[PDB]
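To start, the structure itself, in structure tokens.
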Amino acid sequence: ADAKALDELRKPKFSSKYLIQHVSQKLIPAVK
Amino acid sequence: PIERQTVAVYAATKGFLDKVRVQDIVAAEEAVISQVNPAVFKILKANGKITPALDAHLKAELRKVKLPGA
Amino acid sequence: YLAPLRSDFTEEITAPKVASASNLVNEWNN
Amino acid sequence: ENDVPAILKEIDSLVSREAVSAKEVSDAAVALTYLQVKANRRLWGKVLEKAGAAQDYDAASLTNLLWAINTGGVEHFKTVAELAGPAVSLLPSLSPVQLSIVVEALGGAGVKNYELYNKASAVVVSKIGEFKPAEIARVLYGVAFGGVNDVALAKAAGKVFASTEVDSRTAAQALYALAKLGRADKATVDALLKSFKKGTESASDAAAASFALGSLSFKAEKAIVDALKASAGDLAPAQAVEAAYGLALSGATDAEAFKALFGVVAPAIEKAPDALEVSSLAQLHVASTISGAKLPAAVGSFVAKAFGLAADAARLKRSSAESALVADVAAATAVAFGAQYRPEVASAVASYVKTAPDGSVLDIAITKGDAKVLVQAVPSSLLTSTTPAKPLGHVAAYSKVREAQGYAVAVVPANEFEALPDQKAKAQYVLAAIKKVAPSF
Amino acid sequence: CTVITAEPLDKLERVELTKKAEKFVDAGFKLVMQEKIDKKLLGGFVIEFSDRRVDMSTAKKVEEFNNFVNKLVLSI
Amino acid sequence: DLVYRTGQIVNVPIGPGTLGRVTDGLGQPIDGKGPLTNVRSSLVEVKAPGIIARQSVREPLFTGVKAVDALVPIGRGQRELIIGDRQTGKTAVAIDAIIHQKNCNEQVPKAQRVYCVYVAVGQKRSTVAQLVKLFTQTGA
Amino acid sequence: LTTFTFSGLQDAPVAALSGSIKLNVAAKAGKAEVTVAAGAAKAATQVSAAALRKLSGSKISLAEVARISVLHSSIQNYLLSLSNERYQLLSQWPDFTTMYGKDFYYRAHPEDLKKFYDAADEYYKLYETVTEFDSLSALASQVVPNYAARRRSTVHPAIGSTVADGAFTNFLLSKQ
Amino acid sequence: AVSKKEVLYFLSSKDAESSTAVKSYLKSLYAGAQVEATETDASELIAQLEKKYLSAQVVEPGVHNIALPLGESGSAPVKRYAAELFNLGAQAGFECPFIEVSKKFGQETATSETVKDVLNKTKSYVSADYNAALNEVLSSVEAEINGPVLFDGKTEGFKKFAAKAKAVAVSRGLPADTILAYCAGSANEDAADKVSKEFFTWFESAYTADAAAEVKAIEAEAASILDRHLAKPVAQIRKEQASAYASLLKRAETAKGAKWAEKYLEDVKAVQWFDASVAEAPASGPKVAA
Ligand SMILES: Nc1ncnc2c1ncn2[C@@H]1O[C@H](COP(=O)(O)OP(=O)(O)OP(=O)(O)O)[C@@H](O)[C@H]1O
Ligand SMILES: [Mg+2]
């Protein structure tokens, strides 16, 4: 719990990054 | 809604709106909906029917209303 | 504190649409 | 009487108060540099926070702060790049050595400030005899690493490096700057290599001259190579891998120099295999392949994978005029091996894109039985910025690593290829470049 | 027939799209292909039978590609 | 001029993405709110469900008009003609049946909610702009 | 930073510039005699000219530790520095609780007194809502998605109208 | 897990969650795992679609990691912001903005015969204040020729347009001739250097002005949202923000099994950790295991 990391705390949190990744994961096997 | 419609036709067909003048029957029946208790509308919504334990309570509640004209 | 996630692309290259300065300083001064 | 964490806590309380001016920030950063405080990052972060927050700035505080930011090896791009305001506002007010440290610090971090480098280049070519050559090398380092392709400052520096005897560290800085510019002007480089006659006091500087002479592909100079083999504990693994890379690219075969250099960088990879960049692991595979010195068992296959990773990643982020050039050169290989129609050249260039052994993808990989001839296009990013316009050292690096996997790499540069009239000339040019390395095809 | 392409045809493209276009005649019909040039097509061909049109061009392949992509990302 | 056949019979976008929107005679939204997200095309001329596909009309459809809900009551699945002369209360009976479903949808569970569709044929365009303004400020 | 740095003990600071921390070095032929003191402490260590060249070997590589984002904290910081400029003009509000006595009640018109009490109630509303600082962190999340979608461009993250105009002249005024 | 097109784009990335995935992949590779094959497939449209949707996954944690220079003095924070966006575009696989939007122009106008379709098909990338000023000049030369101005360059029916379009370009405020001389080059490096050093002053002016326009629009949006927010009472503010936060939590909790939903709730829990950790020691900040 306490004292997570530095590399875990450097992440921007509510960026998209995974809705983009979800679209590119559901899209490219469907468009090929 | 449906319950304030059936209470108003109840009060018009069970004689409660006789001797009320015809000009303000359109104005009496807001009192028949506002002055009659708001929790008697819940029972007629939940039962969907005038039970015998409700007509004897509702027609007791259609007498404690202050009607215009009268 | 959190925002809805969006996955769409800006296709245009447009002006960033500077909004109108609200009247709150003049209204609170009034 | 000698308690250094006590002074660390007192300068922690110096920069934790709310109205700290720039001079206390400068002196705290300088005190952290002289005390070698690399374990504690939070104190350096407090100094950088108060450095970005402070607004008034004179010359000496700004230059002491920027010197401390360099020498401590601390990097925060927002704070350093926002220090270009005090730099460009005080640029006539800075001394020659102060302007050197300012432009060196704002270039070495990567600040993209073209007003600063233009108004610094005008000062270096306006007062050129007034500057010590170490300051010339510092501004050359800054304007080279700031993304400015400045021909005027490079030539006005080269005239001074022909005129004045310079130091070893000054020469190593100017070599690094000219290699980042990608110049390979021999009249400057051989004038700067007479300054490696005292020995080099810092093996960072011998490693940097090694990397610069490797990327410019000049020579193995033997006053740099033995200095690297004698002081290979002075270097970090990411510095020593660039040392070994620039030794392999420039024609060195000293097996003990590469042994002492790989003794730095192998226990780092067994210490942490993620500690180095994938660029540095590709450079390790290049240096372990060209000089042929051995790595450990878990390390050699690892950098063999990571070379294919870095080359394939540079294929995905291709410059899109290099993609056009690879398309044109692959069509020239199609016409060259005999294809006079468009579906013929189309199905040929769809066929030349066979994969590499390490998992990479080669764009033009021709196979006739067992002999394989690869064609390599070199657009302008890997070309030298001068009028001879030869390919850089990384071209021969990729050629030598592909030649150790069963290929005969036929380098087709674009300074000659797009000077050609049409596709027949390009086809016979590519066939000439193929026959010059393997006439079996 | 009328085959209208981007650039003028050489000998192997003609034999190839003639073999492609004879899978569109509804007999053992002897296609009498006409050749025209339109660089608004970026490669491929479009066949004008004056009764039907089969557009094998790559400009329409790009347009249907983009319509499918803009169709699919709004369902995801 | 050249006429190309689309290959397809006439179809409109259906689904819950049409809820809230003002479309034209075939699907295309005319309210200025972009495309219909979350929608699916289907034919406009579908065969009605046959005998075995039905059951008897037993649930009540409350219009909120007590001249209707007492004397001529309406069940769910029943078609009821509102016929009258030129400016009687014909639309006003039908707008009151739609607004009342908003008042009932907040009180019923999710399964027995009534989703309304108002087809405005041949009317003024500002007459139907007065109804989108009325359905917005009521919430229907 | 680059992998090779060329700074240290050549044209270094030989003196400190503040009054809060005392630095003096003796740059000899090989090494330096660095002795520093900051208030209650003393520090006297020895560095060589090649001891500072080893310092930039491993980089520090600082990074922001943010609650949500560095972007979101910058937008929230601007919202806080704007709430400060509103709170500065709520600090210049004349004291109405100097006129709450019954001397000012009964000399005054009843409608003007009800207006004065409404003005005091309004100041309490404005001051209760300008100091709700837990709402700025959710106000900043309404500037974030539209900005991030404007940066998520098909051309470039840093593209704008002026660069695109200059490239349109270069594309147009060159041949075809 | 990454799909090896995921990780080749993240080698030059420097955000946190890309770098930990790269480091976990390389620590997988060091422990006796082979790389999979690179796909030499997915013809040009699918390749462009993949690099479009893979540049966005490098851009989107990078945009959120760049502090906006809102409410700042001097152009040096604006130049920091624009250089950070430049570096993020270069890490994500874009070129220089000039090269990239010129490539977009040349992609949208490979079919162009007239200047009318040039000025109508690149309308989405040129500002309206410049597109209308070039449209009226195209109409002015079209009234002269009474024949369609074609996109040839050697035809002087085009050059009668282009000599006035250069006048429009210099009346906008941008030096067109040093841009044309930069992207035309020269033979000797000493005479091309003096015009590249003028092009780069224009370029810094242009991208600093674009970043400054974006920053001023973000400042105007923030001030508008705040002045609309400081007009409410406090209970309205609290119930509005609590209702929006509750709806946005339930929209990510009704998503079960999606990766973005687990990442969303994990970031909510990390924000709650940040709040608890500054509640534990408010003078020291959050606890960082260094
Ligand atoms: N129950 C009602 N009580 C009072 N006024 C009503 C009632 N119903 C309708 N009206 C009034 O009658 C007028 C006509 O109503 P409505 O728009 O429904 O006519 P209509 O039958 O739809 O005819 P048209 O289609 O030609 O408009 C309206 O302006 C409305 O104000
Ligand atoms: Mg009507």
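Heads up: the protein sequence lines correspond to chains Z, X, C, F, P, U, E and S, in order.
Here the first sequence stands for residues 131 to 162, where the numbers follow the numbering used here.
Here the second sequence stands for residues 143 to 212, where the numbers follow the numbering used here.
Here the third sequence stands for residues -8 to 21, where the numbers follow the numbering used here.
Here the fourth sequence stands for residues 6 to 446, where the numbers follow the numbering used here.
Here the fifth sequence stands for residues -12 to 63, where the numbers follow the numbering used here.
Here the sixth sequence stands for residues 83 to 222, where the numbers follow the numbering used here.
Here the seventh sequence stands for residues 3 to 178, where the numbers follow the numbering used here.
Here the eighth sequence stands for residues 11 to 300, where the numbers follow the numbering used here.
All residues carry an ideal CB built from backbone N, CA and C; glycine is no exception.
Non-local beta-carbon contacts of F/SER404 in its own chain, meaning distances under 7 Å to residues more than five positions away in sequence, involve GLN381, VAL414, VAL416 in chain order. Rounded to whole angstroms, the separation of the alpha carbons of P/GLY30 and S/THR188 is 36 Å. DSSP places S/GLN101 in the helix class (H, G or I) of the three-state scheme. At least one C-beta of chain F is nearer than 8 Å to the C-beta of E/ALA52. Chain U places no beta carbon closer than 8 Å to that of P/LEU59, leaving this residue out of the contacts. Going by beta carbons, S/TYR91 and S/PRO79 fall inside the 8 Å limit.
No Cβ of chain F is located within less than 8 Å of the beta carbon of E/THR164. Rounded to the nearest angstrom, the Cβ distance from F/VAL30 to F/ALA56 is 5 Å, consistent with a contact under 8 Å. With contact defined as three or more Cβ pairs closer than 8 Å, the segment 182 to 200 of chain F and the segment 158 to 170 of chain F are in contact.
Note on F/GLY134: under 16 other CB atoms within 10 angstroms of its CB, so exposed under the neighbour-count rule. Note on geometry: alpha-carbon atoms of F/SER21 and C/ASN20 lie some 37 Å from one another. Note on Z/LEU139: 16 or more other CB atoms within 10 angstroms of its CB, so buried under the neighbour-count rule. Unbroken beta strand (DSSP E) runs of no fewer than 3 residues, entirely contained in the segment 327 to 392 of chain F, are found at 370 to 373, 376 to 383, following chain order. Counting only the Cα atoms, F/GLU408 lies some 13 Å from F/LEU367. Look at the beta carbons and you see the segment 66 to 79 of chain E touching the segment 135 to 144 of chain E: at least three pairs across the two are nearer than 8 Å. One alpha carbon belongs to S/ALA293, the other to F/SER18, and they sit about 12 Å apart.
Residues of chain C whose Cβ lies closer than 9 Å to the Cβ of E/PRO147 are, in chain order, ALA(-6), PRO(-5), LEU(-4), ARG(-3).
Listed along chain P are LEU59, each with a C-beta nearer than 8 Å to that of Z/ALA160. CA-to-CA, the gap between S/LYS242 and S/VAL225 works out to about 26 Å. Two segments are said to touch when three or more pairs of C-beta atoms, one from each, lie closer than 8 Å; by this definition the segment 40 to 56 of chain S touches the segment 356 to 374 of chain F. Two segments are said to touch when three or more pairs of C-beta atoms, one from each, lie closer than 8 Å; by this definition the segment 325 to 345 of chain F does not touch the segment 120 to 128 of chain S.
The criterion of a C-beta distance shorter than 8 Å is not satisfied by F/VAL93 and F/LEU70.
In the structure shown, X/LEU204 adopts coil according to DSSP, grouped into three states. A distance filter of 5 Å between CB atoms and the heavy atoms of ligand 1 selects the following residues in sequence order: U/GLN169, U/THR170, U/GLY171, U/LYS172, U/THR173, U/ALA174. Under a 10 Å Cβ-count criterion, F/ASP61 is classified as exposed, with fewer than 16 other Cβ atoms of the shown protein chains found around its own Cβ. Of all residues in the segment 157 to 185 of chain X, none has a C-beta nearer than 9 Å to a C-beta of chain U. Only buried fits F/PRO418, as 16 or more other CB atoms lie within 10 angstroms of its CB.
The criterion of a C-beta distance shorter than 8 Å is not satisfied by Z/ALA135 and S/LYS297.
When secondary structure is reduced to three states using DSSP, F/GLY77 falls in the helix class. Below the 8 Å Cβ cutoff, chain E contributes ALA140 as neighbours of S/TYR255, in chain order.
In this chain, S/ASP51 is not harboured by any alpha helix (DSSP H), its DSSP state being neither H nor E. Pairing E/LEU25 with F/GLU109, the inter-Cα distance amounts to about 24 Å. Of the residues P/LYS58, P/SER62, P/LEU28, the one whose Cα lies closest to the Cα of S/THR119 is P/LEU28. Comparing alpha carbon positions, the residue from F/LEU111, F/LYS117, F/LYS164, F/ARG174 closest to F/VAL144 is F/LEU111.
DSSP places S/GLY42 in the coil class of the three-state scheme, outside both helix and strand.
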